[PDB]
Amino acid sequence: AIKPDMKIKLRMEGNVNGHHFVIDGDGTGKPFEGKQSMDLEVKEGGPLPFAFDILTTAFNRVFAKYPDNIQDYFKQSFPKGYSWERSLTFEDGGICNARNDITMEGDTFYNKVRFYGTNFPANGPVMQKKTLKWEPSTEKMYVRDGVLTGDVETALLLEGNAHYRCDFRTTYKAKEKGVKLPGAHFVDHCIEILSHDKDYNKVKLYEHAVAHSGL
């Protein structure tokens, strides 16, 4: 079902601290090499009054290099697809909930993304636009009551030699019953903004992800 080169189409709608926005994405990636890139454009609500970096992990673990010895739940979920739901808990009380329903039509993944954030302090680094990047991290995958779960403890680098910590928890669910759960494993990942315009209305994003067993 999955080709070595796949296209990505995306629409995100969301609200952070009351601020509504809509963002469209178009990109390409290489599922078996674990790489993807995309161009994002804010369509409504720009310029966004918060750090673009909080959104970027919401803009598909199909794009991850899986070795033969770990079951690849994401590639096995196609063609019908899968969905994920994520919580982002930041160290100052900011909270985000995000979801994506992912389908495949021909050579293109379609993404229906929703992103809601609240309780960010007005003086904090998200609403003041002080973030620089996400540090690379490792997602711990495991099964909790029959659902594939991924946990990450990571941080945003800020201006001023300071990190802003965030805990992620994602649950992942294939649309087809019967897709077998994997055993526990790790996914190393790195996400980067490659280019942007003045107020992050147009962003080029890249992500690289590799699954492994810790050795």
# chains A, B, ... in the order shown; residues from 1 in each chain; ligands from 1
>>> residues_around(residues="residue A:120", least_positions_apart="4", cutoff="9 Å", atoms="only C-alpha atoms", output="ChimeraX atom specification")
/A:16-17,90,92-95,124-127
>>> select_by_dssp(residues="stretch 21-209 of chain A", states="alpha helix (DSSP H)", output="list in words")
residues 73, 74, 75, 76, 125, 126, 127 and 128 of chain A
>>> write_last_selection(atoms="N, CA, C and O atoms", output="compact mmCIF listing (two decimals), in the first residue's frame")
# COMPACT_ATOMS: atom_id res chain seq x y z
N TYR A 73 3.28 -0.86 13.27
CA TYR A 73 1.87 -0.69 13.38
C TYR A 73 1.33 0.32 12.34
O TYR A 73 0.24 0.19 11.89
N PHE A 74 2.14 1.35 12.08
CA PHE A 74 1.67 2.48 11.28
C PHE A 74 1.58 2.05 9.85
O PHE A 74 0.57 2.31 9.24
N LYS A 75 2.60 1.40 9.31
CA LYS A 75 2.52 0.96 7.91
C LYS A 75 1.46 -0.12 7.74
O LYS A 75 0.84 -0.13 6.69
N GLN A 76 1.28 -0.94 8.73
CA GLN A 76 0.25 -2.00 8.66
C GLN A 76 -1.17 -1.50 8.76
O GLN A 76 -2.14 -2.24 8.52
N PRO A 125 6.73 31.87 27.66
CA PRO A 125 7.46 31.85 26.43
C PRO A 125 6.66 31.50 25.21
O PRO A 125 7.06 31.89 24.10
N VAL A 126 5.55 30.81 25.35
CA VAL A 126 4.68 30.51 24.23
C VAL A 126 3.95 31.75 23.76
O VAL A 126 4.03 32.10 22.60
N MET A 127 3.33 32.48 24.67
CA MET A 127 2.59 33.67 24.27
C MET A 127 3.51 34.84 24.04
O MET A 127 3.01 35.80 23.39
N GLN A 128 4.74 34.85 24.46
CA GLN A 128 5.70 35.92 24.16
C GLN A 128 6.57 35.63 22.99
O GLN A 128 7.37 36.42 22.58
>>> select_by_dssp(residues="stretch 78-153 of chain A", states="strand (DSSP E)", output="PyMOL selection string")
chain A and resi 82-90+95-105+108-118+131-134+137-144+147-153
>>> residues_around(residues="residue A:29", least_positions_apart="5", cutoff="8 Å", atoms="only C-alpha atoms", output="PyMOL selection string")
chain A and resi 5-8+34-37+63
>>> atom_distance(atom1="atom CA of residue A:161", atom2="atom CA of residue A:198")
23.1 Å
>>> residues_around(residues="stretch 152-160 of chain A", least_positions_apart="4", cutoff="8 Å", atoms="only C-alpha atoms", output="ChimeraX atom specification")
/A:125,130-140,164-169
>>> write_last_selection(atoms="N, CA, C and O atoms", output="tab-separated table (two decimals), in the first residue's frame")
chain	number	residue	atom	x	y	z
A	125	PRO	N	6.73	31.87	27.66
A	125	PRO	CA	7.46	31.85	26.43
A	125	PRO	C	6.66	31.50	25.21
A	125	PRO	O	7.06	31.89	24.10
A	130	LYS	N	9.10	33.22	22.53
A	130	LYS	CA	10.47	33.08	22.93
A	130	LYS	C	11.13	31.74	22.65
A	130	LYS	O	12.21	31.46	23.18
A	131	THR	N	10.44	30.87	21.95
A	131	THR	CA	10.99	29.54	21.68
A	131	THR	C	11.90	29.53	20.53
A	131	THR	O	11.76	30.31	19.55
A	132	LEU	N	12.84	28.57	20.55
A	132	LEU	CA	13.78	28.46	19.45
A	132	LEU	C	13.62	27.15	18.66
A	132	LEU	O	13.72	27.11	17.44
A	133	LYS	N	13.42	26.02	19.37
A	133	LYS	CA	13.31	24.71	18.72
A	133	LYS	C	12.95	23.65	19.72
A	133	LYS	O	13.17	23.83	20.91
A	134	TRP	N	12.45	22.51	19.27
A	134	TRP	CA	12.35	21.32	20.12
A	134	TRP	C	13.69	20.59	20.16
A	134	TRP	O	14.36	20.45	19.13
A	135	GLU	N	14.13	20.16	21.32
A	135	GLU	CA	15.29	19.29	21.36
A	135	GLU	C	14.94	17.90	20.85
A	135	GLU	O	13.78	17.42	21.05
A	136	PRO	N	15.85	17.22	20.19
A	136	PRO	CA	15.60	15.85	19.80
A	136	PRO	C	15.29	14.98	20.98
A	136	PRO	O	15.81	15.20	22.07
A	137	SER	N	14.44	13.96	20.78
A	137	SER	CA	13.98	13.16	21.89
A	137	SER	C	13.75	11.73	21.42
A	137	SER	O	13.85	11.46	20.22
A	138	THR	N	13.41	10.89	22.36
A	138	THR	CA	13.06	9.50	22.11
A	138	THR	C	11.70	9.21	22.70
A	138	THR	O	11.39	9.46	23.86
A	139	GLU	N	10.80	8.74	21.85
A	139	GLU	CA	9.46	8.30	22.24
A	139	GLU	C	9.48	6.86	22.67
A	139	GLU	O	10.05	6.04	21.95
A	140	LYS	N	8.95	6.60	23.86
A	140	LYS	CA	8.84	5.26	24.40
A	140	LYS	C	7.49	4.72	24.02
A	140	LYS	O	6.46	5.28	24.42
A	164	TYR	N	12.27	24.74	28.35
A	164	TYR	CA	10.86	24.81	28.76
A	164	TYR	C	10.32	23.38	28.53
A	164	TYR	O	10.19	22.96	27.36
A	165	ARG	N	10.08	22.68	29.61
A	165	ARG	CA	9.83	21.26	29.51
A	165	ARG	C	8.37	20.94	29.14
A	165	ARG	O	7.40	21.64	29.54
A	166	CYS	N	8.22	19.81	28.44
A	166	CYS	CA	6.92	19.36	28.01
A	166	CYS	C	6.91	17.87	28.06
A	166	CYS	O	7.85	17.24	27.53
A	167	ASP	N	5.83	17.31	28.53
A	167	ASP	CA	5.57	15.86	28.48
A	167	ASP	C	4.54	15.60	27.46
A	167	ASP	O	3.47	16.21	27.44
A	168	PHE	N	4.78	14.64	26.60
A	168	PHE	CA	3.81	14.22	25.55
A	168	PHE	C	3.31	12.82	25.89
A	168	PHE	O	4.10	11.94	26.26
A	169	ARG	N	2.03	12.57	25.68
A	169	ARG	CA	1.49	11.22	25.65
A	169	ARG	C	0.57	11.15	24.43
A	169	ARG	O	-0.31	11.97	24.28
>>> residues_around(residues="residue A:83", least_positions_apart="5", cutoff="6 Å", atoms="only C-alpha atoms", output="PyMOL selection string")
chain A and resi 100-102+172-173
>>> atom_distance(atom1="atom CA of residue A:25", atom2="atom CA of residue A:79")
20.9 Å
>>> closest_residue(among="A:203, A:42, A:32, A:208", to="residue A:72", atoms="only C-alpha atoms")
A:32
>>> atom_distance(atom1="atom CA of residue A:197", atom2="atom CA of residue A:21")
17.2 Å
>>> residues_around(residues="residue A:201", least_positions_apart="5", cutoff="9 Å", atoms="only C-alpha atoms", output="list in words")
residues 23, 40, 41, 42, 43, 46, 47, 48 and 196 of chain A
>>> write_last_selection(atoms="N, CA and C atoms", output="short mmCIF file (atom, residue, chain, number, x, y, z; two decimals), in the first residue's frame")
data_model
loop_
_atom_site.label_atom_id
_atom_site.label_comp_id
_atom_site.auth_asym_id
_atom_site.auth_seq_id
_atom_site.Cartn_x
_atom_site.Cartn_y
_atom_site.Cartn_z
N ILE A 23 -4.58 26.26 9.30
CA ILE A 23 -3.28 26.13 8.64
C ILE A 23 -3.36 24.96 7.67
N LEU A 40 3.88 24.68 5.11
CA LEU A 40 2.70 25.04 5.86
C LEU A 40 2.37 26.49 5.56
N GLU A 41 1.09 26.80 5.53
CA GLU A 41 0.64 28.18 5.36
C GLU A 41 -0.54 28.46 6.22
N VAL A 42 -0.43 29.50 7.05
CA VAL A 42 -1.54 29.93 7.87
C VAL A 42 -2.59 30.61 6.98
N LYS A 43 -3.82 30.11 7.02
CA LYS A 43 -4.91 30.58 6.16
C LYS A 43 -5.83 31.47 6.85
N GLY A 46 -3.84 34.60 11.18
CA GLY A 46 -2.50 35.13 11.20
C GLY A 46 -2.42 36.61 11.34
N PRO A 47 -1.38 37.15 11.92
CA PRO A 47 -0.21 36.40 12.44
C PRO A 47 -0.54 35.78 13.76
N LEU A 48 -0.02 34.54 13.95
CA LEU A 48 -0.38 33.83 15.16
C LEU A 48 0.27 34.52 16.35
N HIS A 196 11.21 29.96 7.27
CA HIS A 196 10.00 30.64 7.74
C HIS A 196 10.03 32.01 7.15
#
>>> closest_residue(among="A:205, A:67, A:62, A:213", to="residue A:82", atoms="only C-alpha atoms")
A:62
>>> closest_residue(among="A:77, A:143, A:206, A:170", to="residue A:96", atoms="only C-alpha atoms")
A:170
>>> residues_around(residues="residue A:18", least_positions_apart="5", cutoff="12 Å", atoms="only C-alpha atoms", output="NGL selection string")
:A and (45 or 48-50 or 115-120 or 122 or 127)
>>> closest_residue(among="A:214, A:121, A:81, A:4", to="residue A:141", atoms="only C-alpha atoms")
A:214
>>> closest_residue(among="A:104, A:211, A:64, A:88", to="residue A:175", atoms="only C-alpha atoms")
A:104
